[PDB]
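A short write-up of the structure that comes next.
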Amino acid sequence: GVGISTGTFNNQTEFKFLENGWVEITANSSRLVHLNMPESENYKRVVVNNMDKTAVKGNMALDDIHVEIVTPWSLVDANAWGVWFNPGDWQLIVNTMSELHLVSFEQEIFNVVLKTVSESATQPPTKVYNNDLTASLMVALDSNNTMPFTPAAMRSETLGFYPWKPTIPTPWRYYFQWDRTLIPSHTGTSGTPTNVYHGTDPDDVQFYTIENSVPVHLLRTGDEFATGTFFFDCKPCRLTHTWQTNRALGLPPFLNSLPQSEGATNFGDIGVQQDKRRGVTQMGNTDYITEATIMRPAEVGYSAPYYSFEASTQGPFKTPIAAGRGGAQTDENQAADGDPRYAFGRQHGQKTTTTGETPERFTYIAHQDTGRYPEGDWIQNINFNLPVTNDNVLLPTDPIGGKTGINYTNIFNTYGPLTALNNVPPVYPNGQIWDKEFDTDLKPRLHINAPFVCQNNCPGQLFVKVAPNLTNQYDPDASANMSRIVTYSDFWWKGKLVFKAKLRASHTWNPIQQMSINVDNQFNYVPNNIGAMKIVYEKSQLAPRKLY
Amino acid sequence: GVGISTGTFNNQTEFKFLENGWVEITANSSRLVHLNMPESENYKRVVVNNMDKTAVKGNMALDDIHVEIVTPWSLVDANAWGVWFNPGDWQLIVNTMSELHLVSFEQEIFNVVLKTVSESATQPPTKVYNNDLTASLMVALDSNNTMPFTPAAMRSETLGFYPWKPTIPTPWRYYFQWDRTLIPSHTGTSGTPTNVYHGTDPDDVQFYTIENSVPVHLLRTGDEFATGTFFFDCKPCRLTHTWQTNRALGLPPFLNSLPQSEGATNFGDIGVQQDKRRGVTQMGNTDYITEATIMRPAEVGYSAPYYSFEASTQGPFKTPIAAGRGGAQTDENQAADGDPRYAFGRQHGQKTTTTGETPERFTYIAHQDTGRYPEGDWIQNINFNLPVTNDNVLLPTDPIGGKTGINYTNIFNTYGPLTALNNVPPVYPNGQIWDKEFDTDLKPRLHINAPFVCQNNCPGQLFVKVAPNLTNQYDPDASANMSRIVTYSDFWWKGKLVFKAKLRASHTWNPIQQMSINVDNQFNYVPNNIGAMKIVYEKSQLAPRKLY
Amino acid sequence: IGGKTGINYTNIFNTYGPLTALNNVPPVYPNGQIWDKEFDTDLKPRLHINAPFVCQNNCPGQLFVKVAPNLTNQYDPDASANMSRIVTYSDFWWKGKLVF
Amino acid sequence: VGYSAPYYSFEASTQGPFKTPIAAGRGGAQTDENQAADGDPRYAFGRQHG
Amino acid sequence: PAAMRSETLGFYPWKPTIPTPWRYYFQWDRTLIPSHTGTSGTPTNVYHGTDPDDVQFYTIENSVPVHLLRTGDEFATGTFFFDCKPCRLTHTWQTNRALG
Amino acid sequence: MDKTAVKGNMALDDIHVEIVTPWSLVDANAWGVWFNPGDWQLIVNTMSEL
Amino acid sequence: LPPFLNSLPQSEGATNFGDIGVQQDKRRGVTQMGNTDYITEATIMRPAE
Ligand SMILES: [Ca+2]
Ligand SMILES: [Ca+2]
Ligand SMILES: [Ca+2]
Ligand SMILES: [Ca+2]
Ligand SMILES: [Ca+2]
């Protein structure tokens, strides 16, 4: 079966308009994947330890020590928006749809090829490449998710984003249990804190092998491998944002006095003394009904401690947060808090011809308003008694623990039974699409890395590896290290991801926000005179939705 | 039937998604119409003559003399985009659809009311208003289009554009035949040109009466009038523009030399001597194949004489043109040529609280590129022979007729059997929707005022009038002028216009142009502190389409 | 005209009108094109100057060909370089059938 | 039968000048070749096409 | 269409041929004011760039399904049936002067 | 522009922009690809329309 | 997915560690600290907590 193709290249997105404003989006994606034989045909338990860094007082957050099992397999990950949609498809979906549903997923591997490299080491000297017609490509599909879930989008290692650029898979590796202790300190700390890696707890040791837990297929040139169709189990993802705050929920106060002339300084007037008003409040001990005092249904968003690192049995880790935000976009300098930052390279959006090893990055700033402005928070004594007196207020300016740069807001947490919150928004093109749910008895209410989380069923990971091409001399009983003919493989990948979307409706008199090409961004969507390209990030929930 | 309503108020737009990316758009529009009794219950033949103006040499274009028949009826016109869609509906249609089809139209008149005004002329003195329960509102629907077609959008006189603002109909009047002669002149002209109104040609006289040619209904409070549904006869209207010029049609030249470094001055190079190239040309006498010389299929757009006034039996009139345009938008100062200019008032888009009698206006600048840049035109002798010599070129700089401000381009016309052209684009909210076809044997290939032209069938005009409320003293045999109780009427109007649209597809890698609200235009879509409003114009064909 | 010694009114002249009778373009052997695609404008040309046949609605689709990338053992998607690939070329036979 | 159009007329739009197209050319007693010009197509080709 | 630049398949059944590199036009604004030999100063000759509202970047991968053919493979287009008027192979010689 | 910079050379304008793709086109839309001189003579001499 | 080690040990040994081999502020991945370029094992983004 050498001279016969086993598949088709398809990278088209189809919209199929059903009934009742629901369309079916079929995203096809094909790619040529390049794969070299493993640097080692063995599994390894490698420890990483950068104590030299953290040894410097004040650097706890630069902790990198961990342990991982390095396997001789590669992972073919296509779980990122950029792998399926191009800028033009995203604009259509994001501008005209109101919500998204993830439906199916299926892959395929065809037109496999295995070449060999011979050192034509003559003068120059040289190199020769030849087909190894009887060689094999090993393929394993972990349908039962026996293996550790390792989504590549987290480290910018998924398949590439351009239909016409060959891509590659990533070396697979997973974490191995270890104990580590790191006591925090600051520049003025004395003596040496405590920074040790304790080793492994035998009761938490799990060494996984693909050979032992997954059936492997050997594909020769004439072979093809096709995953069946996987049908997802999820909630819909919204493509519209909310802008309401507790301050904009409900019936506003009745203005007994309205302006009578156009004018920036012509305001309306409630026209009633603040302690002589009517309405409901939750401050049982005052007569002041204010817009900051009046009672609202519940609470949109919450407060959490910031740049808080917690520690458990294997080192410090940052305390997660859902969303960030602020008022008049002090943007960028605005950033920080809980706005995701993505760093990527030449294959996932960075300008293709860019030299150097510095990645490209961006901080995604969502349209939703469900965050907090710490500088505006404050706490005061129940007696109320305005104007508040210094000993009766704790402002986000007063120090804590004596530290000049720490407030109570840094320690603060206002999550409770009244917290209303939104799931995470899609991030094009670098964001991950779906995630696997934690196998704990009590699960997170949402995942900070993907808008879709398969509870029960999640697609299995696909592993690939070039089978060993040994030379006439091979001795299993020797330390050496098997020597094998330099072999590599190229195969085509093809996936199909199906969504179900709901067409949007116009509910207000005014137009709304839409994604569009303009004089300014115009050149982020076309190649240059050298064929250089780049894929700029874009927002998903542009279009307000009322919350209450 | 006095205390019982005869209709419902509905001003909602519905999109009903059928099969195969085709949606059905139902636009409902309701309004409260106010109507006074006619200033005269008689038809009048009035002549307008402003010779004082045109008597001033050089003012021919300010000619206003005409003759019209002034009728005692009013017209209820709803043929303008603003009567059916609000900014939010337009953005949805314009951003997500690719073409429009006009399907039905139907109207209705309900909840009629007729009041009377009594001069409570006591001290202040005063006024009293009372219901005249037995009074009638006369309604006539000209289904067979017997009457002259007089679309109100041409003079900004259609129903209003805000669902919550009472509107009014316009006094109906039509043109009457007359002969007029006006000889052109300029500031330095001597003697007096010739500016006379000759009167009427008896063989062209047509005096129309609604009473004699249309059946009239008399509606009392308890009555309602409902037009059946009219189904249009038309072609589809496109919501995408073309950008290609003759210069961008076909296979571009093969570049034998491509850039090798990113850089504004790094150009490609055909790399072949101009008179040593291959391809086809229509200049049978040269060997130069240039991008301006190479042969193209036909010709996109044409040239016509500009600010050309022609004259026939009733005075001068401007020579019409389809579209205008230019390169790097020298915009506005760009304008002129054939870009429509709309002047309107408080009821159709002008800021509602604006004082004074000066209207609001705009020049619609289309996205399509099918116009000409006269400054770049030139004509040269067949011998060719470059560089062209002065006596062998006529530049749009060389004078004509000796006039320092006139070129050949002003006289120029290049319309022919190879002219490719586009129909006119929709103009929101002031543009007219449909038009009636000329009853000539050879019709225009398009109308410059509306994207839809019903050839065979066009909806009939609806006329309204308050029936005469006479006093105890009425004498038909006397010159006087009938005296009648001051009566007026208020009734609700309700229309339903149905379209059929085709959802758009994304055909390119790059995103495209979309209408959107931004920091700059944000306040054109919301009322102010006094309730002032305005309706800003918007473009319809934003989204390129390839022509060839 | 315009004072120019080498320009007439005929150079500016246009007599196209409602009475113009005209013929379509003639076939040119062997260099002439056979058919052409119609312009997607609302008002089309009465004829095309480059081909005697113009498919209004339906026109054959274009056929594109390309030699798929034959990479060497060294390929790095994340690098500026420019992929290096084994020098490959192709020869295939084409066969068409046009019926009149 | 036939019509008159401006000759060696170049018009301009948003992307540069282009020659005004014409349907057919011609003349009486074939002053042929020197006759040419007007609207008679000229074809330039190579070794593979003639 | 390649015939416009003399780039179609060859004309001899017994001579190997080749296809032409595909390329298409992209939108751009350019201004060139005409002049003649005696013109003074410098006319105006500038390339303004691209209008974002007319930008269309086409990729075959994204809009057309691609087939991969190995030696043992073949590709066959179905039959396309044209939509056109007939083409005449006879000329007219009459002028207004020879009508009637 | 070096060319058109020379007053009187407007018609030698070549400036344009094009997207260069990595694909090739197989075009057979020309009379010579289908008929040889002998076939053309037969069609042209004995037929009246095509 | 743990970080990709650009440098692996070559001898058995308690002090023979692997090495990410990339400057901390020149790495790729996702973080929730919108205002820094440091992608660390204590900084990198995890699904939840
Ligand atoms: Ca233990
Ligand atoms: Ca906001
Ligand atoms: Ca007469
Ligand atoms: Ca343009
Ligand atoms: Ca523009």
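Throughout, read-outs are computed from the coordinates displayed, never taken from laboratory work. Ideal geometry is used to build each Cβ from the backbone, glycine not excepted, and the neighbour counts take in all protein chains shown.
From the list B:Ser308, B:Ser303, pick out the single residue that is at the interface with chain D (Cβ under 7 Å from one of its Cβ atoms), under 30 Å from C:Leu47 (Cα atoms) and polar (S, T, N, Q).
B:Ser303
Against the condition farther than 27 Å from B:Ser40 by Cα, of a type in the set (A, V, I, L, M, F, W, C), part of a loop (DSSP other than H, G, I, E, B) and within 30 Å of the chain's Cα centre (by Cα), how does B:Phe207 come out, does it pass?
No; evaluated as a whole, the condition is false for this residue.
Of (1) surrounded by 15 or more Cβ atoms within 10 Å (Cβ to Cβ); (2) farther than 24 Å from A:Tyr408 by Cβ, A:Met295 satisfies all except one. Which?
(1)
Would you mind finding the one in B:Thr8, B:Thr54, B:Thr71 that is closer than 30 Å to A:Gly21 by Cα, touching a residue at least 24 places away in the same chain (Cβ under 8 Å) and of a type in the set (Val, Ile, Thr)?
B:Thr8
Here are B:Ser489, B:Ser506, B:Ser516: which of them is surrounded by 15 or more Cβ atoms within 10 Å (Cβ to Cβ), among the hydroxyl-bearing types (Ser, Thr, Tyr) and not in a loop (DSSP other than H, G, I, E, B)?
When all the criteria are applied, what remains is B:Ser489.
Determine whether region A:504-522 contains at least one residue that is more than 14 Å from chain B (Cβ to nearest Cβ), among the basic types (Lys, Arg) and more than 28 Å from A:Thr352 (Cβ to Cβ).
No: region A:504-522 contains no residue that is more than 14 Å from chain B (Cβ to nearest Cβ), among the basic types (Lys, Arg) and more than 28 Å from A:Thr352 (Cβ to Cβ).
Of all residues in region E:14-45, which are touching a residue at least 12 places away in the same chain (Cβ under 8 Å) and away from ligand 4 (no atom under 16 Å from the Cβ)?
Selection gives E:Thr20, E:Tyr24, E:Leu32, E:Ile33, E:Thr44, E:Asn45.
Taking region A:221-231, which residues are assigned to a loop (DSSP other than H, G, I, E, B) and either over 16 Å from A:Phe463 (Cα atoms) or within 16 Å of ligand 5 (Cβ to nearest atom) (or both)?
A:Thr221, A:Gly222, A:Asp223, A:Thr229
Out of region C:45-100, which residues are among the aromatic types (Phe, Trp, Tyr) and closer than 27 Å to B:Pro417 by Cβ?
Selection gives C:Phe53, C:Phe100.
A:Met482 passes all but one of (1) more than 9 Å from chain B (Cβ to nearest Cβ); (2) surrounded by 17 or more Cβ atoms within 10 Å (Cβ to Cβ); which number fails?
Unmet condition: (2).
Checking B:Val300 against (1) farther than 26 Å from E:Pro52 by Cα; (2) of a type in the set (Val, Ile, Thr); (3) buried (at least 18 other Cβ atoms within 10 Å of the Cβ), which test does it fail?
(1)
Looking only at residues in region A:177-204 that are within 11 Å of ligand 1 (Cβ to nearest atom) and polar (S, T, N, Q), which one is farthest from the chain's Cα centre (by Cα)?
This residue is A:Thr200.
Just one of (1) within 9 Å of chain B (Cβ to nearest Cβ); (2) farther than 30 Å from A:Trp164 by Cβ; (3) under 24 Å from the mean Cα position of the chain (by Cα); (4) surrounded by fewer than 19 Cβ atoms within 10 Å (Cβ to Cβ) trips up F:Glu18, so point out which.
(2)
Suppose we keep only residues that are within 10 Å of chain C (Cβ to nearest Cβ) and assigned to a loop (DSSP other than H, G, I, E, B) within region B:279-300. Which one would you say is nearest to B:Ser185 (Cα to Cα)?
The residue in question is B:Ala298.
Can you work out which of the residues in region A:211-251 that are farther than 30 Å from A:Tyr373 by Cα and among the aromatic types (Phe, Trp, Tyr) is nearest to ligand 4 (Cβ to nearest atom)?
A:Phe232
Look at region B:82-100 and say how many of its residues are within 7 Å of another protein chain (Cβ to nearest Cβ) and touching a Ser or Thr at 6+ places or on another chain (Cβ under 6 Å).
4
When you look at A:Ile433, is it under 28 Å from A:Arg247 (Cβ atoms) and either surrounded by 12 or more Cβ atoms within 10 Å (Cβ to Cβ) or among the hydroxyl-bearing types (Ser, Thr, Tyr) (or both), yes or no?
No, not satisfied.
Cβ-Cβ below 6 Å, separation at least six or inter-chain, first residue in region A:347-371 and within 16 Å of ligand 3 (Cβ to nearest atom), second not in a loop (DSSP other than H, G, I, E, B): which pairs?
none
Taking A:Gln244 as meeting all but one of (1) surrounded by fewer than 20 Cβ atoms within 10 Å (Cβ to Cβ); (2) closer than 19 Å to A:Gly495 by Cα; (3) in contact with a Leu (Cβ under 7 Å, 6 or more places away or on another chain), write down the number of the exception.
(2)
Can you find even one residue in region A:330-346 that is surrounded by fewer than 17 Cβ atoms within 10 Å (Cβ to Cβ), outside any strand (DSSP E or B) and more than 9 Å from every other protein chain (Cβ to nearest Cβ)?
Checked against the condition, which is being surrounded by fewer than 17 Cβ atoms within 10 Å (Cβ to Cβ), outside any strand (DSSP E or B) and more than 9 Å from every other protein chain (Cβ to nearest Cβ), region A:330-346 yields at least one hit.
Which residues, taken from region C:26-72, are crowded, with 20+ Cβ neighbours inside 10 Å, β-branched (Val, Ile, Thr) and over 13 Å from the mean Cα position of the chain (by Cα)?
Selection gives C:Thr41 alone.
Give me the pairs: first residue in region A:192-206 and within 16 Å of A:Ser312 (Cα to Cα) and away from ligand 5 (no atom under 16 Å from the Cβ), second residue in a loop (DSSP other than H, G, I, E, B) and small (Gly, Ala, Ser), beta-carbon distance under 7 Å, and six or more apart or on different chains, which are they?
A:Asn195/A:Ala55
Out of everything in region D:2-15 that is of a type in the set (S, T, N, Q) and within 7 Å of chain B (Cβ to nearest Cβ), what residue ends up being surrounded by the fewest Cβ atoms within 10 Å (Cβ to Cβ)?
In this case the residue turns out to be D:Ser9.
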